[PDB]
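Q: So that we are looking at the same thing, I have put the structure below in structure tokens.
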Number of protein chains: 6
Amino acid sequence: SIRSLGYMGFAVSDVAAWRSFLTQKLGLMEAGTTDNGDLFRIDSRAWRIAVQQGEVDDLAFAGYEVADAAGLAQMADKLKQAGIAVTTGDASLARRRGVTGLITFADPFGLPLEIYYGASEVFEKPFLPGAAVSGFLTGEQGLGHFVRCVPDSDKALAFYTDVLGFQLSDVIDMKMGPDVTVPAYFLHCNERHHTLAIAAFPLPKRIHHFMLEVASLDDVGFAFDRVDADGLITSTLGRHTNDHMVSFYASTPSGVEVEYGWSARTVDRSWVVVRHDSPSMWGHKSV
Amino acid sequence: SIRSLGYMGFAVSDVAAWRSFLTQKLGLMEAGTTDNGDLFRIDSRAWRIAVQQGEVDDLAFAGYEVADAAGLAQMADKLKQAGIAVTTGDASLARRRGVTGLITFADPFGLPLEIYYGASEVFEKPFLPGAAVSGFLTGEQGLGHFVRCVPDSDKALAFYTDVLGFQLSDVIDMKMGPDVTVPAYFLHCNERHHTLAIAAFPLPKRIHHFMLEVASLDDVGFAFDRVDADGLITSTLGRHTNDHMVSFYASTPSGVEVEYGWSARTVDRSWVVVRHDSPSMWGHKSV
Amino acid sequence: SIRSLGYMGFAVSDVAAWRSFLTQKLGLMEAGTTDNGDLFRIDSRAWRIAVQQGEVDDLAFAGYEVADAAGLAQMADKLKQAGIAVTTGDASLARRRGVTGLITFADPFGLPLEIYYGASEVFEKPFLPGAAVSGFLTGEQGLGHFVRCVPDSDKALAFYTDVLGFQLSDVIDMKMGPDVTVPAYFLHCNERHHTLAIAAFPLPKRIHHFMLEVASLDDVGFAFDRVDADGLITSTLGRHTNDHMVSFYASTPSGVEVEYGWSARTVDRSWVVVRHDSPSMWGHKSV
Amino acid sequence: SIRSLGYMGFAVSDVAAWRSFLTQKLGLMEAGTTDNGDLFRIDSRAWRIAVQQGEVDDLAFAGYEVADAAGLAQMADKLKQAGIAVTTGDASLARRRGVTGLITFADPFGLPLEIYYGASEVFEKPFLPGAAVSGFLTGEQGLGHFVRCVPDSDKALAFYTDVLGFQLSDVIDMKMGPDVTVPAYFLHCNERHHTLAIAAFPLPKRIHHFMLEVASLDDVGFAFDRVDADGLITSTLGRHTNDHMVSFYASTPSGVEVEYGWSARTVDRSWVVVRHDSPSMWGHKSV
Amino acid sequence: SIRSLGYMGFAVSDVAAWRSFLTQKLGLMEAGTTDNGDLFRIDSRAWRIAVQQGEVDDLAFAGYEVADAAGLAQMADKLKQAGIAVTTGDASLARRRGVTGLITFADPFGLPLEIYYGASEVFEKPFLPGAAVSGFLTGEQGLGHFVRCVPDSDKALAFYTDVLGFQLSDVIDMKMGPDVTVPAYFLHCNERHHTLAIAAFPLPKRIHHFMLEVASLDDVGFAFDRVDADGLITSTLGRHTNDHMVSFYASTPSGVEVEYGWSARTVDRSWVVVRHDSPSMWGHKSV
Amino acid sequence: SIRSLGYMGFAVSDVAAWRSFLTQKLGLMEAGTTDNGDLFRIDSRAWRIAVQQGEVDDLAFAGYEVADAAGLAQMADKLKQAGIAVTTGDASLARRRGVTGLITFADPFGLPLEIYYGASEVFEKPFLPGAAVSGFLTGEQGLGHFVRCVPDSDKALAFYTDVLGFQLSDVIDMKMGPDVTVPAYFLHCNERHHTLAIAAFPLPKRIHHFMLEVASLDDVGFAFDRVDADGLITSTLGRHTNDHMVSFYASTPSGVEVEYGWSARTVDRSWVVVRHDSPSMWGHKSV
Ligand SMILES: Oc1cccc(-c2ccccc2Cl)c1O
Ligand SMILES: Oc1cccc(-c2ccccc2Cl)c1O
Ligand SMILES: Oc1cccc(-c2ccccc2Cl)c1O
Ligand SMILES: Oc1cccc(-c2ccccc2Cl)c1O
Ligand SMILES: Oc1cccc(-c2ccccc2Cl)c1O
Ligand SMILES: Oc1cccc(-c2ccccc2Cl)c1O
Ligand SMILES: Oc1cccc(-c2ccccc2Cl)c1O
Ligand SMILES: Oc1cccc(-c2ccccc2Cl)c1O
Ligand SMILES: Oc1cccc(-c2ccccc2Cl)c1O
Ligand SMILES: Oc1cccc(-c2ccccc2Cl)c1O
Ligand SMILES: Oc1cccc(-c2ccccc2Cl)c1O
Ligand SMILES: Oc1cccc(-c2ccccc2Cl)c1O
Ligand SMILES: [Fe+2]
Ligand SMILES: [Fe+2]
Ligand SMILES: [Fe+2]
Ligand SMILES: [Fe+2]
Ligand SMILES: [Fe+2]
Ligand SMILES: [Fe+2]
Ligand SMILES: [Fe+2]
Ligand SMILES: [Fe+2]
Ligand SMILES: [Fe+2]
Ligand SMILES: [Fe+2]
Ligand SMILES: [Fe+2]
Ligand SMILES: [Fe+2]
């Protein structure tokens with residue numbers, strides 16, 4: 001079974017702007033440049049985010065991690081049985097991603113996805129943030145989460161749950177307008193409240209935002225100010241109703257947003273699905 | 001499987017008296033009025049207790065919570081296979097209860113029951129008790145418990161255990177008189193020692209009492225005095241022999257009682273069924 | 001499955017001597033006299049040890065506790081399938097033992113055994129030791145343990161493990177003499193290192209000793225002196241090699257011994273079977 | 001299933017040198033001499049390492065521990081079904097090893113292996129290190145680990161995983177030279193990150209090294225100096241990238257090395273396989 | 001002010017017997033031989049007990065530790081003002097004791113005493129007990145205690161309290177016989193309940209016993225057996241009424257006894273003086 | 001009274017080499033350049049180490065921190081009463097150091113010293129190490145320590161203790177050669193075992209080394225490798241006998257060394273002065 005979101009790749013028009021944004025604003029660590037693009041780290045892994053030159057300015061691919069070769073084989077079989085076109089990653093791609101083995105395919109609406117096992121650790125190159133950040137929260141919870149924008153949430157939900165195995169945490173009926181309410185589905189694959197969210201938002205991108213979690217409230221507070229200095233804040237500090245994360249949102253150079261948060265609650269086998277009519281307990285004012 | 005008791009609805013002759021009793025005496029929070037009646041809260045849920053106008057002055061319905069849609073479907077199948085008439089809650093009822101989906105049916109002796117999933121949370125409307133109460137204990141243990149009065153405890157026990165899946169915690173042979181001893185069965189569906197009790201008591205109501213648990217001994221002590229001021233106490237402070245809860249009992253405006261307690265022990269998979277000849281270790285004197 | 005040793009009954013020639021020994025020396029609580037004999041307590045249960053008048057001066061019966069009625073039914077079936085003569089305890093016997101249901105049978109060498117569920121708790125009659133004892137250790141670990149003396153340990157081991165479900169903890173090859181070594185088997189049915197031990201000792205009784213565990217080292221130290229005052233000590237203070245319990249042994253009025261200890265280690269699913277050539281790390285000198 | 005590495009036997013040309021090295025340098029306890037050779041202890045077990053006279057100067061055999069007789073029988077069946085020649089250890093061998101039962105066989109490349117149950121504990125002969133060592137870490141993690149040198153790691157990996165049941169923790173691609181990279185596989189059978197490692201190293205021995213873990217950093221620091229005084233250090237203090245153990249390596253009298261470490265992290269069912277390009281985060285400089 | 005008892009020297013007729021007794025029986029560490037006699041350690045200090053050849057077979061001297069040079073000067077002045085003959089330890093004596101500075105004098109009844117500062121630590125020669133002992137308790141509590149036998153306890157008490165600054169912990173009126181009761185005074189100079197005791201016992205030595213405290217009950221239990229094997233035990237295991245130490249007593253080769261214990265309670269500025277009529281809560285039977 | 005060592009200034013011939021060494025090797029944070037020279041941080045303070053251009057290549061000045069203005073006035077009076085020439089720092093110097101007030105003077109052998117109060121904090125410019133360092137240990141313990149080299153340790157000791165108020169922790173008689181032993185004095189002014197050490201070493205500098213303490217063993221391990229890559233290590237990893245710090249030593253561009261350590265023990269009012277014959281328990285081999 002999928003254990004977590006392991007990495008993400010972005011294809012952007014301004015690579016230098018993304019490099020500055022990720023390191024100086026968010027605190028990620030520059031981890032070199034390879035055929036996989038410019039690499040960035042947040043922990044012991046060789047890389048978590050890759051930035052490649054591309055006019056799409058959006059998420060180019062996402063990789064989900066399984067525990068071992070057997071787990072990869074099981075997921076491959078499930079995808080094929082579901083009628084999805086699955087391709088074994090060649091040696092060239094595996095080396096590019098720094099993984100031992102992987103398979104590639106696309107979700108119902110075209111997002112290129114990868115499931116891999118045996119990623120590269122680089123403990124001998126100790127993590128050093130590009131900005132003052134006490135640390136990022138990963139471990140068994142993976143990289144963080146992203147919100148997939150789709151035209152048919154029922155179809156997307158069925159794929160991610162029935163085929164990929166994600167489990168529903170809760171639903172938030174997002175008020176878009178007096179006569180517009182759209183359900184946002186939050187799904188987990190480990191203890192992180194959600195690793196993936198699905199919603200039918202009117203955005204011209206594959207995702208609304210990706211999220212990175214830090215270890216202290218100060219990490220979030222300082223980052224907010226670094227981002228605010230350039231007028232990139234899109235939402236003030238607030239705490240979510242479902243995962244109880246304290247965070248803020250900001251614009252990346254591609255328009256797609258990034259959420260930066262701290263202190264979210266986790267889920268367990270005793271969790272029960274619920275619904276909400278608001279995404280925030282307090283704060284998160286649109287600015 | 002059923003995870004907990006999620007909500008209760010009462011049909012009463014004096015709605016204003018119940019509103020005052022629940023808020024000023026017990027400390028519940030007024031949560032508005034809808035087609036579901038006057039709503040009251042004790043935690044993050046949109047409502048836990050509803051009060052509607054009705055001459056019955058008794059419990060009108062109770063809702064048990066399952067983890068998700070799959071759990072609701074499984075319970076529906078079990079009930080049908082057992083020969084119980086099950087009805088899918090229509091969109092109108094689901095909206096009234098603020099749940100995502102639910103089924104309705106009645107227990108062997110006419111109590112309307114509902115099993116639902118996906119109830120509404122309102123973290124954005126922080127809980128504020130109507131009286132000085134540090135907090136109510138809910139979470140994975142649900143709302144609390146109620147004691148179902150029936151004419152045939154063996155039949156009721158079989159339904160709640162064999163069909164609904166409740167598990168026996170223990171039995172207390174209640175001395176009613178020199179030649180009258182009635183067994184009271186205490187059942188659990190989660191860590192709470194009991195979410196439901198069953199006994200053949202000579203009462204003209206569906207339940208003898210419902211119980212709410214608070215976070216501190218002082219919450220109980222102060223509440224006792226607020227209730228005692230109006231001469232509504234039915235039992236002095238005491239601690240039960242089975243769940244070890246420290247509580248007192250009082251009369252609601254409908255005659256049906258309410259138990260208000262603190263510090264009960266929980267049960268686990270290592271629990272063994274036992275019997276008792278007394279319901280109280282100390283206190284709980286009838287007054 | 002059997003969850004623990006729940007009670008023991010002794011048939012003795014000097015009932016008054018046993019009453020004095022259990023209360024004044026060991027600290028048990030006198031719990032009245034019924035058709036079940038004189039009753040003694042060590043915790044919240046109505047009784048753990050019964051003493052009846054009888055010329056045998058030995059263990060008369062032992063009762064093993066199961067979790068519920070279903071567990072009793074399962075054990076009954078296993079015993080019958082194994083060819084053992086099983087008898088349903090009549091209402092008269094159940095009332096005598098204060099249990100809800102029970103079955104009776106004998107082990108391969110004649111020891112009367114009982115398996116029951118739903119024993120009586122008496123929290124309303126708070127435990128008060130007959131001597132200065134901070135408390136006895138029971139709970140999920142039951143009453144303690146006893147060592148069954150048999151002429152064929154292989155046959156006894158097969159019955160208790162294959163039929164009753166006990167699991168082997170370890171073996172101690174007891175040096176009886178230059179040319180005599182006898183294996184003692186220690187078996188568990190819960191976290192207590194052993195609830196039953198089996199050995200082919202040259203003793204004219206069904207058991208060599210029964211053991212009760214207390215909460216503090218002082219409980220053991222004080223008890224040792226109370227017993228030593230009457231010259232009843234059989235072994236000095238020592239700590240066992242297998243369960244690491246610190247204890248001493250003494251003679252009951254029936255010759256059969258009693259072990260009184262503190263601080264034993266428990267076992268879990270990660271436990272591995274081992275062997276020992278000595279029963280004591282230190283102490284336990286024969287006196 | 002195999003629960004841990006329980007013991008190791010070495011056949012050496014200089015028995016006196018090994019005795020001095022194990023006791024004075026590493027701190028093991030001399031535990032007598034039997035037909036099993038000179039015995040050495042690190043904990044409550046009668047012995048963990050045996051040294052016999054032999055011109056091979058290498059590991060002579062290794063014993064893996066199972067939980068009980070049933071576990072031994074299961075492993076025997078698995079080995080036979082896999083086509084491996086299995087021999088039941090005779091009474092003479094069992095007594096020599098101090099175990100209750102065992103089976104013998106060889107791995108694909110000739111290493112004599114044994115799987116046993118019921119080893120001997122000697123708590124009555126309290127462990128006393130031969131040098132200043134606060135303690136060795138064993139328990140459920142067993143003796144420690146050793147690295148098996150083989151000519152075909154794929155074949156060895158298949159045997160140890162598919163037949164013996166070991167599980168992969170991670171892989172380290174060891175840089176041997178500009179055009180030489182060899183994968184080292186680290187496998188676990190309990191919480192210890194690895195109990196066995198497999199690699200195709202150009203060494204004329206069955207193993208590159210065996211490892212013993214101690215309780216404090218000082219235990220390692222002091223040992224380093226005792227070994228360094230005789231010029232036997234092969235690697236300076238360092239911390240590994242995979243198990244995060246802080247250790248140093250040194251030469252035994254047989255050339256085969258020994259790793260002495262502290263503070264390694266453990267693995268659980270939530271562990272995911274990863275890869276590394278370096279075996280050390282810091283230190284471990286070849287000297 | 002005096003901070004603790006730092007060391008003791010014994011003059012014995014059988015030096016080899018004392019060496020064997022201290023190391024093999026009690027677990028002290030042999031620390032070489034100098035002009036100060038044979039040295040023994042129990043912790044990081046270069047030595048705590050010295051054994052010299054002498055026909056007296058008794059305590060030859062005791063050294064009390066002060067915090068620094070200023071503290072030594074203050075004590076010297078207090079002793080002189082009290083009329084005691086004080087001598088500055090010459091360079092030769094300081095080197096012999098391994099201290100920076102010291103003064104010498106005798107108590108009212110001839111016991112040679114020394115007060116010093118700046119003793120030698122030897123952390124680079126890690127403590128290794130001569131027997132299986134997890135550790136000795138020293139630190140701010142010093143070496144342990146000894147009981148000074150005197151013909152006039154009032155005179156001795158006045159000297160140790162008024163001149164040396166010891167403080168009374170409690171008094172035990174020791175029953176020597178039907179018409180003989182002698183008060184034993186227990187005094188502290190730090191957190192240890194007592195570092196010195198004073199009593200008028202009919203013994204031909206300067207002290208009745210000296211005491212060493214260990215870290216675990218097992219340390220005491222194992223030591224008891226090592227001593228008992230040679231028939232040297234003088235008192236069975238017991239716990240004292242005043243300091244609550246669990247210990248046993250044994251004979252040294254000089255007749256003077258040694259107490260070996262564990263788990264004593266400490267004293268603070270909130271301590272109040274009390275009296276006892278017995279020295280033991282349980283145990284400590286004369287054998 | 002002096003509360004801690006607050007800052008140090010170095011006058012060096014190669015400012016660029018020092019900048020690279022402090023940031024890339026040790027992990028300090030570049031904090032700008034002012035008339036105070038290039039500034040470096042290790043915590044919330046605006047600066048802890050300053051580097052100015054100067055041919056001396058040695059410590060140029062050190063600043064000790066007092067709690068407030070009253071404390072500065074008290075120290076000024078003590079110095080004057082002792083006959084030391086004290087100068088009030090002018091507004092220009094205070095601004096240069098970023099302090100509220102300070103006085104200047106020299107120790108007996110020419111080292112320029114300063115005592116100040118009210119230094120500048122810059123929490124709004126969160127600390128970001130120049131290398132992978134989890135953190136430096138400062139707080140109430142100040143910057144760390146340095147070892148003052150002098151021709152007459154008795155004279156220096158008298159000044160620092162009698163005039164500045166430092167307190168002796170312990171003494172280590174350093175073996176320089178067969179006929180050369182020099183005492184090193186370690187002094188504290190807060191919980192740090194030593195903030196200053198004094199010794200008569202044959203070095204052409206004011207100090208032998210300064211020391212910085214980090215939060216993890218890995219911080220030290222990684223730093224060791226960064227320094228070793230340039231062949232600057234002077235001592236291997238080891239642990240000191242007196243403060244028990246685990247550290248290594250390396251050469252700065254000025255020849256003067258730097259000690260980088262972790263896990264030292266602290267001192268309290270219960271501390272007693274002792275002596276040692278070795279500075280290291282293990283390691284610290286000269287290379
Ligand atoms: O806040 C946002 C989240 C995701 C995508 C866009 C976006 C990006 C490019 C062009 C237009 C839009 Cl709305 C955006 O503004
Ligand atoms: O992590 C989250 C938890 C709850 C709600 C949102 C959210 C908020 C605004 C727009 C879209 C989303 Cl998915 C969110 O990003
Ligand atoms: O204590 C009680 C618990 C449950 C029901 C009633 C009741 C309510 C109305 C009329 C008569 C009775 Cl006994 C009651 O008095
Ligand atoms: O929570 C409880 C635990 C044990 C006993 C009772 C009780 C007490 C009196 C009458 C009816 C009942 Cl169910 C009870 O309400
Ligand atoms: O220590 C003992 C344990 C069990 C039984 C007897 C016993 C009891 C009665 C007669 C003879 C004997 Cl050996 C006994 O002495
Ligand atoms: O609880 C125990 C643990 C280990 C050994 C014995 C023991 C000791 C002496 C004789 C018989 C037995 Cl079972 C014992 O009673
Ligand atoms: O470091 C080593 C690890 C394992 C084996 C040998 C060895 C032993 C004997 C002869 C030659 C060699 Cl390379 C060795 O030197
Ligand atoms: O315990 C270990 C963890 C990671 C790597 C090695 C290692 C290091 C050098 C050579 C061979 C090996 Cl297996 C190792 O011994
Ligand atoms: O138990 C004892 C404690 C202290 C001293 C002696 C002793 C020693 C030598 C000769 C006579 C006696 Cl009583 C002793 O026997
Ligand atoms: O440490 C102790 C605490 C209390 C009492 C005694 C004691 C016991 C017997 C004889 C002499 C003494 Cl001082 C003792 O040694
Ligand atoms: O290790 C050292 C510590 C302090 C000073 C010097 C030093 C610096 C410059 C010239 C000569 C020397 Cl010995 C040095 O080498
Ligand atoms: O922090 C320390 C603790 C103990 C000893 C030394 C030391 C070691 C070598 C040379 C000079 C000194 Cl001050 C040291 O720097
Ligand atoms: Fe989000
Ligand atoms: Fe889940
Ligand atoms: Fe109740
Ligand atoms: Fe249950
Ligand atoms: Fe026993
Ligand atoms: Fe088991
Ligand atoms: Fe290793
Ligand atoms: Fe595993
Ligand atoms: Fe004593
Ligand atoms: Fe005191
Ligand atoms: Fe230093
Ligand atoms: Fe001090």
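Note on naming: chains are A, B, ... as they come in the structure tokens, residues start from 1 per chain, ligands start from 1 in the order shown.
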All residues within 6 Å of ligand 5 are required, counting only C-alpha atoms and all ligand atoms; please report them as a compact mmCIF listing (two decimals) with N, CA and C atoms, in the first residue's frame.
A:
```
# COMPACT_ATOMS: atom_id res chain seq x y z
N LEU C 203 6.01 -35.32 46.76
CA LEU C 203 5.15 -34.74 47.80
C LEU C 203 3.79 -35.43 47.78
N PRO C 204 3.20 -35.67 48.97
CA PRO C 204 1.90 -36.33 49.11
C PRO C 204 0.72 -35.38 49.00
N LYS C 205 0.86 -34.34 48.19
CA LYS C 205 -0.21 -33.36 48.02
C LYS C 205 -0.37 -33.03 46.54
N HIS C 208 2.60 -28.12 45.62
CA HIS C 208 3.71 -27.88 46.52
C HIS C 208 3.41 -26.58 47.25
N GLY C 255 0.64 -28.21 55.74
CA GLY C 255 1.91 -28.72 55.25
C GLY C 255 2.23 -28.09 53.91
N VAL C 256 1.21 -27.99 53.06
CA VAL C 256 1.38 -27.36 51.75
C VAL C 256 1.96 -25.98 52.04
N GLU C 257 2.85 -25.50 51.19
CA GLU C 257 3.47 -24.21 51.43
C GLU C 257 2.78 -23.05 50.71
```
Q: Among segment 174-229 of chain B, which ones does DSSP place in strand (DSSP E or B), written as number ranges by chain?
A: B: 174-177, 180-188, 192, 196-199, 207-214
Q: Show me which residues are within 10 Å of ligand 6 counting only C-alpha atoms and all ligand atoms, and format the list as a PyMOL selection string.
A: chain C and resi 144-149+170-176+183-186+193-199+201+207-212+235+239-249+257-261+264+276+278-281+284+286
Q: I want to know what sits within 7 Å of residue 234 of chain E, based on only C-alpha atoms, with residues of the same chain fewer than 2 positions away left out; could you give that as a ChimeraX atom specification?
A: /E:232,236,249-251,286-287
Q: Store the residues picked out above, limited to C-alpha atoms, as a compact mmCIF listing (two decimals), in the first residue's frame.
A:
```
# COMPACT_ATOMS: atom_id res chain seq x y z
CA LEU E 232 30.36 -14.55 57.64
CA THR E 236 19.85 -11.38 57.95
CA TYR E 249 25.73 -7.19 58.20
CA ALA E 250 28.80 -9.40 57.97
CA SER E 251 32.16 -9.91 59.66
CA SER E 286 21.07 -11.97 64.59
CA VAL E 287 22.64 -15.15 63.22
```
Q: Quick one: residues within 8 Å of ligand 20, with only C-alpha atoms and all ligand atoms, as a PyMOL selection string?
A: chain D and resi 167-169+188-190+267-271
Q: Can you spit out the residues from that selection as a compact mmCIF listing (two decimals), in the first residue's frame, using N, CA and C atoms?
A:
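So selection34.txt came out as:
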```
# COMPACT_ATOMS: atom_id res chain seq x y z
N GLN D 167 14.07 -9.73 6.78
CA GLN D 167 13.44 -8.66 6.02
C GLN D 167 14.45 -7.56 5.72
N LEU D 168 14.36 -6.99 4.52
CA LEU D 168 15.29 -5.93 4.12
C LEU D 168 15.04 -4.61 4.85
N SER D 169 16.11 -4.00 5.35
CA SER D 169 16.00 -2.71 6.01
C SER D 169 16.38 -1.66 4.97
N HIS D 188 16.79 -7.34 8.85
CA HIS D 188 16.36 -7.47 10.24
C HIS D 188 15.42 -8.65 10.45
N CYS D 189 15.34 -9.11 11.70
CA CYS D 189 14.46 -10.21 12.08
C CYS D 189 13.77 -9.84 13.40
N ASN D 190 14.06 -8.63 13.87
CA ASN D 190 13.48 -8.07 15.09
C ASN D 190 13.69 -6.56 15.03
N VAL D 267 13.98 -0.49 14.11
CA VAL D 267 13.00 -0.49 13.03
C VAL D 267 11.67 -1.06 13.52
N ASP D 268 10.59 -0.71 12.82
CA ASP D 268 9.25 -1.17 13.17
C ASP D 268 8.51 -1.56 11.89
N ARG D 269 7.25 -1.96 12.03
CA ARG D 269 6.43 -2.35 10.89
C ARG D 269 6.12 -1.18 9.96
N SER D 270 6.44 0.04 10.40
CA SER D 270 6.19 1.24 9.60
C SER D 270 7.42 1.63 8.77
N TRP D 271 8.49 0.87 8.94
CA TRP D 271 9.74 1.12 8.23
C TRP D 271 9.60 0.95 6.72
```
Q: Got a sec: who's within 7 Å of residue 128 of chain E, counting only C-alpha atoms, leaving out chain neighbours fewer than 4 positions off, as a list in words?
A: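 Those residues are residues 131 and 132 of chain D; 29 of chain E.
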Q: Please report the interatomic distance between atom CA of residue 164 of chain D and atom CA of residue 1 of chain D in Å with one decimal.
A: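 Atom CA of residue 1 of chain D lies at a distance of 8.0 Å from atom CA of residue 164 of chain D.
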Q: Write out as number ranges by chain each polymer residue whose atoms come within 10 Å of residue 139 of chain A, counting only C-alpha atoms; drop sequence neighbours fewer than 6 positions from it.
A: A: 4, 43-44; D: 271
Q: For the residues in that selection, give me N, CA and C atoms as a PDB file, in the first residue's frame.
A:
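New file part.pdb:
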```
ATOM      1  N   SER A   4       3.109   7.120   1.706  1.00  0.00           N
ATOM      2  CA  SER A   4       3.157   8.575   1.817  1.00  0.00           C
ATOM      3  C   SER A   4       3.454   9.246   0.483  1.00  0.00           C
ATOM      4  N   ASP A  43      14.604  17.507   4.396  1.00  0.00           N
ATOM      5  CA  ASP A  43      15.026  16.525   5.391  1.00  0.00           C
ATOM      6  C   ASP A  43      16.202  15.665   4.923  1.00  0.00           C
ATOM      7  N   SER A  44      16.296  14.441   5.431  1.00  0.00           N
ATOM      8  CA  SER A  44      17.404  13.557   5.071  1.00  0.00           C
ATOM      9  C   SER A  44      17.376  13.007   3.646  1.00  0.00           C
TER      10      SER A  44
ATOM     11  N   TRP D 271       8.495   0.873   8.939  1.00  0.00           N
ATOM     12  CA  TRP D 271       9.743   1.117   8.226  1.00  0.00           C
ATOM     13  C   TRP D 271       9.600   0.947   6.718  1.00  0.00           C
TER      14      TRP D 271
END
```
Q: Based on only C-alpha atoms, which of the residues in chain D come within 9 Å of chain C? I want them as number ranges by chain.
A: D: 3, 65-69, 98-100, 117-126, 140
Q: Could those selected residues go to a file with C-alpha atoms, as a CSV table (one decimal), in the first residue's frame?
A:
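Wrote result-v3.csv, looks like this:
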```
chain,number,residue,atom,x,y,z
D,3,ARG,CA,13.6,-14.1,16.6
D,65,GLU,CA,16.9,-18.3,18.0
D,66,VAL,CA,13.2,-19.2,17.6
D,67,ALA,CA,10.6,-18.8,20.3
D,68,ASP,CA,9.8,-22.4,21.0
D,69,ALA,CA,9.6,-26.0,19.8
D,98,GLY,CA,23.1,-25.6,26.2
D,99,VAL,CA,19.9,-25.5,24.3
D,100,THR,CA,16.7,-27.6,24.4
D,117,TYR,CA,15.1,-22.8,21.0
D,118,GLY,CA,15.3,-22.9,24.8
D,119,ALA,CA,18.8,-21.7,25.5
D,120,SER,CA,20.3,-21.6,29.0
D,121,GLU,CA,20.0,-18.5,31.3
D,122,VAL,CA,22.4,-18.1,34.3
D,123,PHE,CA,21.0,-15.2,36.3
D,124,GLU,CA,22.4,-16.9,39.4
D,125,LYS,CA,25.9,-16.1,38.0
D,126,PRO,CA,25.5,-12.4,37.6
D,140,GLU,CA,14.8,-8.9,22.2
```
Q: Which value, in Å to one decimal, gives the distance between atom CA of residue 19 of chain C and atom CA of residue 103 of chain C?
A: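 Distance between the two atoms: 28.3 Å.
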Q: Between atom 1 (O, counted along the ligand's line) of ligand 3 and atom CA of residue 63 of chain B, what distance in Å does the model show, to one decimal?
A: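 A separation of 23.1 Å between them.
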Q: Just the helix (DSSP H, G or I) stuff from segment 1-249 of chain C, please, per backbone DSSP, written as number ranges by chain.
A: C: 15-25, 69-81, 91-97, 139-141, 153-163, 217-228
Q: Which residues, written as an MDAnalysis selection string, have at least one atom at most 10 Å from residue 82 of chain E, with only C-alpha atoms counted and residues fewer than 6 positions away on the same chain left out?
A: chainID E and resid 76 159 162:163
